[PDB]
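Asks: Requesting a structural model of the entry that follows:
(one chain, ligands or ions: 8)
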Amino acid sequence: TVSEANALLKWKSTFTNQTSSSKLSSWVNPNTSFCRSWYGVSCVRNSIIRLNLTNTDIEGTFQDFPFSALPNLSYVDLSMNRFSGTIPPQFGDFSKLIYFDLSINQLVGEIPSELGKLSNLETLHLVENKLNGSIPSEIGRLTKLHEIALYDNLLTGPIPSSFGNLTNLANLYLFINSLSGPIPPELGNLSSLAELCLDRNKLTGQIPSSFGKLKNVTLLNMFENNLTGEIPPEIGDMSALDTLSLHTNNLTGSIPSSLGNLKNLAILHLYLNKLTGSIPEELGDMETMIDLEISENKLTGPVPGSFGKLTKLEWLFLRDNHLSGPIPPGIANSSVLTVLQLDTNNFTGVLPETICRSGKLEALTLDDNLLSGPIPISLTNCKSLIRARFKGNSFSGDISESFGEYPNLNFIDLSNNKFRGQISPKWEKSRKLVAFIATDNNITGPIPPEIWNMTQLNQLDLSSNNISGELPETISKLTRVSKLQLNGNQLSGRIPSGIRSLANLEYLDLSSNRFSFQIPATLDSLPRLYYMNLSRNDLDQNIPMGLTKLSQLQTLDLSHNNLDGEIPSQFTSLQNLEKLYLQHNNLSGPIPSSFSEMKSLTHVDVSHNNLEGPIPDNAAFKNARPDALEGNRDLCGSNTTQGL
Ligand SMILES: *[C@@H]1O[C@H](CO[C@@H]2O[C@@H](C)[C@@H](O)[C@@H](O)[C@@H]2O)[C@@H](O[C@@H]2O[C@H](CO)[C@@H](O[C@@H]3O[C@H](CO)[C@@H](O)[C@H](O)[C@@H]3O)[C@H](O)[C@H]2NC(C)=O)[C@H](O)[C@H]1NC(C)=O
Ligand SMILES: *[C@@H]1O[C@H](CO)[C@@H](O[C@@H]2O[C@H](CO)[C@@H](O[C@@H]3O[C@H](CO)[C@@H](O)[C@H](O)[C@@H]3O)[C@H](O)[C@H]2NC(C)=O)[C@H](O)[C@H]1NC(C)=O
Ligand SMILES: *[C@@H]1O[C@H](CO)[C@@H](O[C@@H]2O[C@H](CO)[C@@H](O[C@@H]3O[C@H](CO)[C@@H](O)[C@H](O)[C@@H]3O)[C@H](O)[C@H]2NC(C)=O)[C@H](O)[C@H]1NC(C)=O
Ligand SMILES: *[C@@H]1O[C@H](CO[C@@H]2O[C@@H](C)[C@@H](O)[C@@H](O)[C@@H]2O)[C@@H](O[C@@H]2O[C@H](CO)[C@@H](O)[C@H](O)[C@H]2NC(C)=O)[C@H](O)[C@H]1NC(C)=O
Ligand SMILES: *[C@@H]1O[C@H](CO)[C@@H](O[C@@H]2O[C@H](CO)[C@@H](O)[C@H](O)[C@H]2NC(C)=O)[C@H](O)[C@H]1NC(C)=O
Ligand SMILES: *[C@@H]1O[C@H](CO)[C@@H](O[C@@H]2O[C@H](CO)[C@@H](O)[C@H](O)[C@H]2NC(C)=O)[C@H](O)[C@H]1NC(C)=O
Ligand SMILES: *[C@@H]1O[C@H](CO)[C@@H](O)[C@H](O)[C@H]1NC(C)=O
Ligand SMILES: *[C@@H]1O[C@H](CO)[C@@H](O)[C@H](O)[C@H]1NC(C)=O
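Replies: Numbering: from 1, shown residues only. Ligands and ions are numbered 1, 2, ... in the order given. Structure as follows:
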């Protein structure tokens, strides 16, 4: 005691970067008050049994720790400090030790195999250190152990097979490590095991079939390993499982139908594997299933209609598989299903009428399938919708009658379909909507003026449709639009000067349209614009000087128009211009020879114009092909088609 108090003081005398305010100030008067007023210290019959110095800013090492002087120690918590160095083998000499915690420290080196001498240990905690090497096999001797936590370390080698002998172990936490080799099948002997967390390691081999005897395990985390083979059907015998996470592995083969037997399983993560074959119909017998994610695999065949039996399903992640056949109505029938992602599959047929029958669905993805037919009515009136993606399908129908008002809509993508009809003004009710993309449809009619009132819109893409009419000056109301694509339509009249107001605009494409008359001269107020495709239009007259005030312009394509006159000398203030396509115009006269000052011009086409004179000094003109520079009236000082 009085010896113990001196020993601990001699240890405390080695701590560095200590403060007068340290909680260890109370380590005073060893002769009288060791067992009554010292912080961390606690005694029985006047001998220290409990040292709890957690989070006391102690900086130091365990070298001069008085192992021999504190024999009756049975509770050591030195966690959340700045301890460094190694774990001396004398820690195994605390024959009475029950709880041992050195976590959240800066300890280095291996784990002394002398820890297996601590026969009375019930909890071992060494997490969040830089301990390396392999886990001592003698730790399998501590058969009173209830919980082993070695996570967030640099441990390597395999999990000791001796750990099968830890018949009282309930929790094994080995994640964030570099453990390797196969999972020892003796882990199946852990009848008392509750949580097994081996995730985020470099484990390999197959999942031991003896895991089926782990009848008390409720959490099995083995994700982000390099496990191989197939999911053994004996995993279906782990009846107490509620969370099974095997994702980001290299597993193969089929999904065992025995997984249906897991009546308490609420989370199943199998994604990012190489699983093949059909999804068994027994996976619908997972009555507790909340979050099923088997996306990003090689699964084939149809989704079992038995998925209507998953009445607690909330998240279904089937994306990036080779699933096929029609989508069964059971797959969306859940009253609580809020995320149904099916994109990047080979689904055929039409959408089931059950899609949003309960009005709780929020995320729906169907990108890159072989679907067709109309939008089901329950989806038309699915006011809860937040994210919708229909890209790359053959959906048909009146785009005005197919889509009701979505107040909660945030992102919808109708690209690459066969939608007909006119854009309804109902989309204005989606006041939180920020991106509207409907490329490559058969949409016709005018853009309703309500669309410009949608100020929250960040991205608007109506390209490759058959939309007509003249753009109103109220287009200036799109304050926050930054990607604007109306190209590939039959919009007509002049270009509205209101595009001057879209200051956030970055990428603007109005090409392949029927815009005619002069480009608005005022258009000098787009400081974020790095792209302007006005090509393949009917625009005629001088290239306005306002375009030369668009500093950040990287690409500028005014090709296939009726522009005339000379290329202005004020292009030089577009120092950041890289690609510039002015071909197939009626431009006249020479370049001012200030194009040498401009540098980043690499791809320039000035073909089929009435210009004359010599090409200026920059790469693109030297690197131009015959087609790039052909067609002009008097090309080059020495009538050249290629270099000088
Ligand atoms: C387990 O880790 C220890 C400690 O390694 C140290 O801590 C890690 C968290 C990393 O930051 C390492 O970069 C860091 O070194 C390893 O022992 C260490 O071995 C190296 C040599 O491999 C030692 O460096 C040498 O130190 C001597 C002593 O002055 C010099 O003469 C040499 O020139 C050289 O600098 C290092 O001191 C040593 N650290 C110790 C013993 O605490 C150990 O090898 C490793 N085991 C593995 C990876 O299996
Ligand atoms: C040293 O003393 C500290 C403080 O008493 C001990 O930390 C305690 O550790 C337990 C471990 O579970 C914490 O229990 C948890 O408490 C929360 C509510 O705080 C509860 O909701 C959880 O279910 C859980 O039981 C406890 O909070 C925590 N106390 C503090 C103040 O952080 C530490 O365990 C002691 N170590 C030794 C060896 O005596
Ligand atoms: C601005 O938009 C226009 C179209 O609205 C883009 O111009 C043209 O796009 C077509 C795409 O099919 C190109 O046609 C094809 O070109 C290849 C080239 O090898 C040719 O082999 C095919 O037979 C076909 O003609 C066309 O070249 C292209 N024209 C230009 C001038 O690019 C244009 O690309 C868009 N602007 C930018 C900067 O991309
Ligand atoms: C291609 O352009 C030439 C150039 O004419 C321009 O006309 C003005 C717009 C102004 O920019 C002038 O500096 C240019 O000369 C067209 O040739 C003109 O055609 C008109 C007939 O409408 C005639 O009155 C002019 O005298 C012509 N100019 C010259 C120099 O001959 C030409 O018609 C244009 N071709 C196409 C297909 O658009
Ligand atoms: C603290 O440890 C000491 C030994 O380091 C224990 O002292 C022994 O106690 C037993 C029975 O109480 C005696 O037979 C021995 O002769 C004692 N040895 C010494 C060197 O004193 C002491 O009992 C322990 N106390 C607690 C509370 O565990
Ligand atoms: C296990 O699967 C992973 C997939 O995440 C593989 O990691 C990829 O390997 C290839 C190169 O061989 C590339 O696609 C990437 O460089 C890797 N990382 C990815 C895709 O994130 C890993 O090689 C597989 N292990 C095997 C087959 O033993
Ligand atoms: C004490 O803290 C300072 C500041 O972080 C650090 O530079 C130093 O290495 C620490 N240790 C000693 C012995 O000064
Ligand atoms: C587990 O304990 C038994 C008991 O005798 C022993 O024979 C066996 O070798 C132990 N396992 C390992 C891997 O050492």
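Asks: Now residue 284: phi and psi?
Replies: phi -80, psi -10 (degrees, to the nearest 10).
Asks: Next, count neighbours for the residue nearest to it when sequence neighbours are not counted.
Replies: Closest residue to residue 284 apart from its sequence neighbours, by CB to CB, 6 or more residues apart in numbering: residue 306 at 3.2 Å. No exception for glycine: its C-beta is placed from N, CA and C like everyone else's. By other CB atoms under 10 Å, 18 other residues sit near residue 306.
Asks: just residue 625 next, same as before
Replies: 11.
Asks: sorry, back to before: tell me the SS of the residue nearest to residue 284?
Replies: The local conformation at residue 306, judged by DSSP: H, G, I helix; E, B strand; the rest coil, is helix.
Asks: For the nearest residue to residue 528 once chain neighbours are set aside, give its distance to residue 525.
Replies: Nearest residue to residue 528, sequence neighbours excluded (CB to CB, 6+ apart): residue 506, at 4.8 Å. Counting by CB to CB, to the nearest Å, the separation of residue 506 from residue 525 is 14 Å.
Asks: cool, and residue 184?
Replies: Taking CB to CB, one finds residue 184 at 69 Å from residue 525.
Asks: Equivalent analysis for residue 17, please.
Replies: Separation of residue 17 from residue 525 (CB to CB) stands at 58 Å.
Asks: More neighbours: these two, which one.
Replies: The residue with more neighbours, out of residue 17 and residue 525, is residue 525; 15 against 9, by other CB under 10 Å.
Asks: what kind of secondary structure is the residue lying closest to that one once chain neighbours are set aside in?
Replies: Once flanking residues are discounted, residue 525 sits nearest to residue 500: 4.7 Å by CB to CB, 6+ apart. Put simply, residue 500 is helix when judged by three-state DSSP.
Asks: what's the straight distance from one end of stretch 331-348 to the other?
Replies: 15 Å (CA to CA, to the nearest Å).
Asks: Pairing partners for the residue nearest to residue 41 when sequence neighbours are not counted in the sheet, please.
Replies: Distances taken as CB to CB, 6+ apart put residue 48 closest to residue 41, at 5.7 Å, once the chain neighbours are dropped. Beta bridges link residue 48 to residue 43, judged by DSSP bridges.
Asks: quick one: the nearest residue to residue 138 once chain neighbours are set aside and ligand 8, what's the gap?
Replies: Excluding its sequence neighbours, the residue lying closest to residue 138 (CB to CB, 6+ apart) is residue 116, at 2.8 Å. Shown here: residue 116 relative to ligand 8, a distance of 11 Å by CB to the nearest ligand atom, to the nearest Å.
Asks: and residue 116, that one's in a strand?
Replies: No. Under three-state DSSP, residue 116 falls outside any strand and is assigned helix.
Asks: So it is in contact with residue 143, correct?
Replies: No. The pair residue 116 / residue 143 is not scored as a contact, 10.5 Å apart, by CB atoms under 8 Å.
Asks: Which one's more surrounded, those two?
Replies: The neighbour count for residue 116 versus residue 143, taken as other CB under 10 Å, is higher for residue 116 (18 against 12).
Asks: For the more buried one, give its distance to residue 91.
Replies: Counting by CB to CB - residue 116 and residue 91 are separated by 11 Å.
Asks: if I read this right, the residue nearest to residue 525 contacts residue 523, doesn't it?
Replies: Yes. Between residue 500 and residue 523 there is a contact under CB under 8 Å: 5.4 Å.
Asks: all strands of the stretch 501-644 of the chain, in order?
Replies: Assigned by DSSP state E, counting those that start in this stretch, the stretch 501-644 of the chain shows strands spanning 507-509, 531-533, 540-541, 555-557, 562-565, 579-581, 586-587, 603-605, 612-613, 634-635.
Asks: Of those strands, which is nearest residue 281?
Replies: Nearest to residue 281, of all those, is strand 507-509, at 47.3 Å by CB to CB.
Asks: Paired strands for the closest one, with orientation please.
Replies: strand 483-485 (parallel), strand 531-533 (parallel).
Asks: what about the last one, near ligand 3?
Replies: Yes. Figure legend: strand 531-533 in contact with ligand 3 (CB under 6 Å from any ligand atom); contacting residues residue 533.
Asks: ok now that strand, how far from the chain's centre?
Replies: Centroid separation for strand 531-533 versus its chain: 30 Å, with CA atoms, centre = their mean, to the nearest Å.
Asks: Pull the residues that contact that strand.
Replies: Residues outside strand 531-533 that contact it (CB atoms under 8 Å, 6 or more residues apart in numbering) are 487, 506-511, 547, 550, 553-557.
Asks: repeat that with 6 Å
Replies: With contacts defined as CB atoms under 6 Å, 6 or more residues apart in numbering, strand 531-533 is touched by 507-509, 511, 555-557.
Asks: swap in the first one?
Replies: When contacts are taken as CB under 6 Å, 6+ apart, the neighbours of strand 483-485 outside the stretch itself are 459-461, 463, 507-509.
Asks: I'd like to know which elements the lengthiest helix in the chain is packed against.
Replies: Ranked by residue count, the top helix of the chain under DSSP state H comes out as helix 2-12. Judged by 3 or more CB pairs under 6 Å, 6 or more residues apart in numbering; DSSP states H and E, the packing partners of helix 2-12 are helix 30-37.
Asks: And the helix it packs on, what's buried?
Replies: 30, 34-35 (16 or more other CB atoms under 10 Å).
Asks: Can you tell me which residue of the stretch 201-350 of the chain sits closest to ligand 5?
Replies: Proximity to ligand 5, evaluated over the stretch 201-350 of the chain using CB to the nearest ligand atom, is greatest for residue 216 at 34.6 Å.
Asks: Skipping its backbone neighbours, what lies nearest that residue in space?
Replies: residue 240 (5.4 Å).
Asks: Likewise for residue 236?
Replies: The spatial neighbour of residue 236 that comes closest, neighbours along the chain excluded (CB to CB, 6+ apart), is residue 258 at 2.6 Å.
Asks: can you confirm that neighbour is in a strand?
Replies: No. Counting by three-state DSSP, residue 258 is not found in a strand; it is helix.
Asks: and it, how many residues sit next to it?
Replies: Around residue 258 there are 18 residues (other CB under 10 Å).
Asks: Going forward, the N-terminal residue is numbered 47.
Replies: With the count now opening at 47, the last piece we talked about shows up as residue 304.
Asks: ok, it to residue 261 distance?
Replies: Going from residue 304 to residue 261 by CB to CB gives 14 Å.
Asks: do the same with residue 414
Replies: In terms of CB to CB, residue 414 sits 42 Å off from residue 261.
Asks: Out of the strands paired with strand 553-555, which is closest to residue 71?
Replies: Closest to residue 71 of these is strand 529-531 (CB to CB; 62.5 Å).
Asks: The helix or strand just after the closest one pairs with which strands, parallel or anti?
Replies: Under the assignment DSSP states H and E, the closest C-terminal helix or strand after strand 529-531 is strand 536-538. The strands that strand 536-538 pairs with in its sheet are strand 512-516 (parallel) (by DSSP bridges).
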